[PDB]
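S.K.: Show me how the following folds:
(chains A and B)
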Number of protein chains: 2
Amino acid sequence: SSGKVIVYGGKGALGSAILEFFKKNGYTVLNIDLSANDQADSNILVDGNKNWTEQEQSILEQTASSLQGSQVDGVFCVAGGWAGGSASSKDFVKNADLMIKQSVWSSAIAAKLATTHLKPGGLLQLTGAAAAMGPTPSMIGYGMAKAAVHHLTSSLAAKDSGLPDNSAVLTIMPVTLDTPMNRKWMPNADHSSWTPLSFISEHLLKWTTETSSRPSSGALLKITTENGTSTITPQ
Amino acid sequence: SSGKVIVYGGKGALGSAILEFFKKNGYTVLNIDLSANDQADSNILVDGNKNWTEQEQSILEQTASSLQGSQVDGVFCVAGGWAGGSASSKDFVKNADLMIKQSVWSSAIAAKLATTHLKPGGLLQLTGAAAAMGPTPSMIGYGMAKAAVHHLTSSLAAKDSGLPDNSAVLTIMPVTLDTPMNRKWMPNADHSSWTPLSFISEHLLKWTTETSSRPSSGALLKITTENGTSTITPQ
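M.R.: Numbers count the residues shown, from 1 in each chain, chains lettered A, B, ... in the order given. Here you go:
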């Protein structure tokens, strides 16, 4: 009863952590992903075989059916994976396509959901990429896709973008997150530079409940950890 | 027989002007577009209903059959149209989809054509968007797509991107071009602030034949005209 929030990508490591955290803190949580999270109060099913507009329609219809006359306090989008390759790579385009579908499609639909269901003064959070702040010749598609998300962020923060009054959009860019996969493939790394998922969940709850604790709307927030201490620096 | 160049978007106002100017200067020109330009030496037709990878394979195979192991002196991409809308617009996603396909898909395939056929020291030219240098709340999809093209430019210019040795990539951003459509919809505008298509065609030929006349590789070139004089300003 503390409120409602949408987690787009609730099946992932960070997404599941965020969903669990808000639930523990009294919020009703709606998950939007390729499969259901049996811990969520509501599950919106995404069909990966459908195109962009088909996905938008289905996700919007399902979310509206679930919310009825309620609005949400926040929409958190953390969906998407990775695929690299330079222009000379055999799969340069193939992977570029996958990256648009994974980062751009989701971010845009999350934004559409916010213009429709986010309460005035609410929070929309998107996921960018620290690497996209500069050239990315070894992973051009990923770079392009994320740069589009960064631009989307700037357009949404601007006047008459469609977001509700007094709301804010924040885009996170963590350098290294502590996940099961990172522990497996880099088993001997120094975790003193790894950002705990709880650092993110905690900040999302803070920004959701206290508007005065928020960085400027449209901020691209680079998150780093050194000597066990995490820091958020607007770029 | 001055050489060979590829014009992706040869049916457009600017694309046709470029094609005509290079043909007039002794070049063999290959056109890539939705329909054929009867003045081109070769025509590569694209099916807009095919997906990104299908389009890539189709364009690459047709171009290779037309070149037969030969290289090109330049690849010029000016394809793409426009669709607007803020995030609250009914067609926000629909148009974002159209804009990614029109600007991003084409720019990436043009880049692929360059890694495969552009001569060392050759030129790859892409088309960005001056408006995308800042927030675009009234045309979010267009802004996202063009921002991706701007980032793609920075990645391609970097070492090991896949482009040939000593080649350069330049991306143009004209504020206003003198086209038939602009003359029709803005009939009483002052043309002293309109950039003549010839200005662009002339610079492409110069940059193609004289490497020392080129701005830095990776440059985003804003083009403005005032009192009849045109100026190129790197961002």
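S.K.: Only C-alpha atoms from now on, for both contacts and neighbour counts.
M.R.: Noted.
S.K.: which residue packs closest to the residue lying farthest from the centre of chain A, ignoring adjacent ones?
M.R.: Among the C-alpha atoms of chain A, the one most distant from their mean position (CA atoms, centre = their mean) is that of residue A:88, at 30.0 Å. Nearest in space to residue A:88, with sequence neighbours left out and distances taken as CA to CA, 6 or more residues apart in numbering or on different chains, is residue B:162 at 4.6 Å.
S.K.: again with residue A:176
M.R.: Counting by CA to CA, 6+ apart, residue A:176 lies nearest to residue A:194, which is 5.4 Å off, once chain neighbours are set aside.
S.K.: The one you found and residue A:186, how far apart?
M.R.: Using CA to CA, to the nearest Å, residue A:194 is found at 12 Å from residue A:186.
S.K.: These two - which one has more neighbours?
M.R.: residue A:194 (23 against 9; other CA atoms under 10 Å in any protein chain shown).
S.K.: residues touching the more buried one, list them.
M.R.: Counting by CA atoms under 8 Å, 6 or more residues apart in numbering or on different chains, residue A:194 touches A:176, A:177, A:178, A:224, A:225, A:226, A:228.
S.K.: Buried members of those into ChimeraX, please.
M.R.: The ChimeraX command for the buried members of the contacts of residue A:194 (criterion: 16 or more other CA atoms under 10 Å in any protein chain shown) is given here:
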select /A:177,178,224,225
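S.K.: Sort out which one of the contacts of residue A:194 lies nearest residue B:72 for me.
M.R.: The closest of the contacts of residue A:194 to residue B:72 turns out to be residue A:176 (CA to CA; 42.5 Å).
S.K.: Backbone torsions only: list them for the closest one.
M.R.: Backbone torsions of residue A:176, given as degrees, to the nearest 10, read phi -150, psi 120.
S.K.: With the one 10 residues further on instead?
M.R.: When quoted as degrees, to the nearest 10, the phi and psi of residue A:186 stand at phi -130, psi 60.
S.K.: cool, and residue A:109?
M.R.: phi -70, psi -40.
S.K.: Without its sequence neighbours, what residue ends up closest to it?
M.R.: Nearest residue to residue A:109, sequence neighbours excluded (CA to CA, 6+ apart): residue A:56, at 6.0 Å.
S.K.: and the one you found, that one's in a strand?
M.R.: No: counting by DSSP: H, G, I helix; E, B strand; the rest coil, residue A:56 is not part of a strand but helix.
S.K.: neighbours around it, how many?
M.R.: For residue A:56, using other CA under 10 Å, the count is 21.
S.K.: residue boundaries of the helices in chain A?
M.R.: Under the criterion DSSP state H, chain A contains helices at A:13-24, A:52-67, A:92-99, A:105-117, A:140-157, A:180-185, A:197-209.
S.K.: what sits up against the third one?
M.R.: Read it as helix A:92-99. Residues from elsewhere that reach helix A:92-99 (CA under 8 Å, 6+ apart): A:80-86, A:140-142, A:144-145, B:52-53, B:56, B:108-109.
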